[PDB]
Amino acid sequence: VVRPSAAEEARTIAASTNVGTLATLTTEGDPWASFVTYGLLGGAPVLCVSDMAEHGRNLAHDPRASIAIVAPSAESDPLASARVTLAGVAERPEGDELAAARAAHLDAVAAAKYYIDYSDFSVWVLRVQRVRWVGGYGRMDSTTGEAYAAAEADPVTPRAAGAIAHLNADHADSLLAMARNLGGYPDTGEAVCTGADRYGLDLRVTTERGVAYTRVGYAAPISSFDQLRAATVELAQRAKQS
């Protein structure tokens, strides 16, 4: 059963918020961290920067930039956060791309309304070349920029916590059937869902030796959160027919 790729995780974190921190170079080559807001143009952060802000000047002088993005978290342990560095090169777009970048920024950051059309604020789009993902504790990987651009953000992740808890609170019995008949543990006595994404559900199952982890895939990947309902109903039905 397929799992989101690092590229997908990265896209998903990017799409989870509109704030991060840009790293740029001063003219002397010192590393400069700046708070920034952004929208996305197919996975690409779109910044609206004042030309006299330190980071606007940095980009104009050396357009190498990276942005670290942190997914909003329920967990109060910061080290459990899901986070990503998108690194490459920022460029001021033109023409059609500029108009689309502008729009994407505007609908992700309402207040940019008041800045984006002054001639002394510029729109930058970060051409992502490299990606480093850290998915909380002990999950990490790198990807290429092309893999990142090819991937899609997960439409289930943003509302997964609620879905997960609802499944555990009200569907423990269906979760158990899935584990027994689809997940490879016919004798487990208890199954808890520990994650949901567009490909399937992760299950923690009781064994005589502790717990095991299995995964059950939907009939096929889903494309919106509203399809999760039908996907779990089909999972429960397929489990009874085994």
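Note that residue numbering begins at 1 and tracks the sequence as displayed.
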Read off the CA B-factors in the entry, average them over 165-173 and over 108-116, and name the higher stretch. 108-116
Going by the mean C-alpha B-factor recorded in the entry, which is higher: 62-70 or 41-49? 41-49
Highest recorded C-alpha temperature factor, please, choosing from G200, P186, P31, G56. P186
Out of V128, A99, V84, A153, whose C-alpha atom has the biggest B factor in the entry? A99
Split the chain's modelled residues into thirds by Cα B-factor; is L182 in the lowest, middle or highest one? highest
Tertile call for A7 (CA temperature factor, within chain, third-based) is the lowest
What third of the chain, by the recorded C-alpha B-factor, contains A149? middle
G95 CA temperature factor, ranked by third within the chain: highest
Entry-reported C-alpha B-factor of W133 relative to its chain, by third, is lowest
